[PDB]
Every structure is written in structure tokens, then in C-alpha cells.
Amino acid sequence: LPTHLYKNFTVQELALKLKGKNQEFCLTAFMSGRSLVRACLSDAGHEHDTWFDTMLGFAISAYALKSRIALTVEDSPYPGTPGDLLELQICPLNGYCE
């Protein structure tokens, strides 16, 4: 369950696909000279929560705005697999998160 915080990265990739039975949206956060941060959100199980739809809309908005972002990523129980996106922040437009 260890979570990691990332600041002033940009959304380079955004994908919405099927991962077996469940639906999954994944994003790639980029910062010059840093390794890419891959964070996913899955609708597993999932109980009636707008959480998946709300976070997807916010991630699309962050991609469409070409703005810098701040994100909290919980480590995946499986190594190599991208982490779970818990929090997402759109940094000041034309600016940076402090």
C-alpha cells in the first residue's frame, strides 16, 4: 500500500481500454529527464461510483488543457504493472504547482 506523489509532470499518453473483463483508463505523466509515471484506474468490481467516470473526465480535461499536473499513485501489488491513481490535480494554467 505505499503511495508516491509527483508534481509538474504533463499528460503525454491517455488510453481507455479493456483489461480482461474490467474497463481500465491509463495515463502517462512526463517530466524532462525523468522516467515516465504510468497510473491506471479500473472499474473493478465496481460498485456504483461515479469515481471512474469523474476521474476519467478530469484526466481528459488535464490532457486537453496541455497543463502541468500533480498526482498521487499507490503502488501496484504486481511488479512492472502501473500504479493506482488515487488523486489528480491540474496545476495553475500556464504555470506550475508549488
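All residue numbers are counted from 1 along the displayed sequence.
Q: Tell me which of 35-43 and 61-69 has the higher mean C-alpha B-factor in the deposited entry.
A: Looking at the record's C-alpha B-factors, the answer is 35-43.
Q: Would you determine, from the values in the PDB entry, which of 45-53 and 22-30 has the greater average C-alpha temperature factor?
A: Averaged over C-alpha atoms, the B-factors run higher in 45-53.
Q: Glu74's Cα B-factor: lowest, middle or highest third of the chain?
A: As the PDB entry reports it, the C-alpha B-factor of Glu74 lands in the highest third of its chain.
Q: Taking the chain's C-alpha temperature factors as the reference, tell me which third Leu93 falls into: lowest, middle or highest.
A: For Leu93, whose C-alpha B-factor we compare with every modelled residue in the chain, the answer is the lowest third.
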